[PDB]
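Okay, here we've got a single chain as structure tokens, the form deposited in one PDB entry, with questions on binding and movement later.
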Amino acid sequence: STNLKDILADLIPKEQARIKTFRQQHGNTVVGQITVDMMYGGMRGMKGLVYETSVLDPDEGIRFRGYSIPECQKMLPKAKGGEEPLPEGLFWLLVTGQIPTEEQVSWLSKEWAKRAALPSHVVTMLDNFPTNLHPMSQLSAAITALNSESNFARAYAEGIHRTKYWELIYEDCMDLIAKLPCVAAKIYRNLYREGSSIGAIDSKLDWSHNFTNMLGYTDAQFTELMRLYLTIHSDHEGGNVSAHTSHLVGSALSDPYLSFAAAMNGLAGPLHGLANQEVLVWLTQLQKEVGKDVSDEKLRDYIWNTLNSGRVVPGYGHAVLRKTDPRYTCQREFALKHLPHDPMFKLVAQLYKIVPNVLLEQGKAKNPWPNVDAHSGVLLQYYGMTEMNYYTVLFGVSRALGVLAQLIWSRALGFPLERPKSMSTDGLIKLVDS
């Protein structure tokens, strides 16, 4: 009823059966071809894995177990007196496929507060990291070191039946999610608040609120932003590097700590984790050059000048998505309610009406609408969260929810070791000649 684990125990056999039926019906049905270009090109366009928690609708944007972002905003439980969806309820939805009740979210908030403690060796290690060690490296190293606490690792080594793997994977995922804001807040305070204490967990608060308390923030509106931010960055299919790395490493039966830490090393890559920062840097330099209320007319000229000089507008454009990312829209709606006077947000809003038509006229970008990363930095900055290097850590804390929800299911459903076949160029030349 409220124990997520019991709810999961009931859902798993039904899903195992549904999948077994589909595979017995269509296991050898062809769904795609592999080309030489896909092998050289990073598996671009190759259907390669089953990932249940989220799917991109090319007309509507990312869906979380079939629900759109606006649906999740309406349906997922809120904090008392709040309006933004709690990430606990997003996790419940990703794990169960079901919209949680108020009572189920409250249960989950309590679980995550109970589980949050860090072992002293990890606290020591965090405190000892130097300030030139990137926050993402601190994050990954600390999570790897937390595998000392893995009950899956311990139990597997002792011997456990394959039908029970998901049970201990679930426990370790719940524990890791619980601990993440403590780890992330320690990194933040050690780097940017002179090593001050993160303070204590409050058993009566939701996850995002314990997090903002530990970061040293007190603004109710920042906690609301954080609830929205952590919900909306939570998952985006399995093919992105962080999701896929967690999946791949997980498929070797590495525990959730090892799997998530590997994923963070992928998220740290400049081609995956830096879009928010790139946008904010660009907005900041623009606003310093043209000032805080440039006309629509003049801003368009600035954009053409940017593009005519060979540069791109950060945060705009998508290969597949045919409208504005719904994750951009929800951030826009938040800003219109809560910070409509802010000069940097007003620039972001002006760009939304100007940039898409310029990109369409230019004729290079496909689908020139903005994405989530076009809007996040200005909101963080408004609330005082200005340390851009740290922004990927926030993304990582969010993305734990999606990738660990799927990891539970990968183990419940018995997905095997991920093992594509590699070939050399010599080998491919031989193959295609045969």
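In this text, rigid core is short for the largest set of C-alphas that superpose within 1.5 Å between two forms. So that there is no doubt, residue numbering starts at 1 and follows the sequence shown.
Heads up, the form deposited in another entry isn't pictured, but that's what we're talking about next.
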Which listed residue, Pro130, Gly199, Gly291, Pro119, is the one whose CA shifts 2 angstroms or more between the shown form and the other one with the rigid core aligned? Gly291
For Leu280, does the CA position differ by 2 Å or more between the shown form and the other one when the superposition is done on the rigid core? yes
Rigid core fitted, then: does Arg300 show a CA shift of 2 angstroms or greater between the shown form and the other one? yes
For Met75, state whether the C-alpha moves by 2 Å or more between the shown form and the other one after rigid core superposition. no
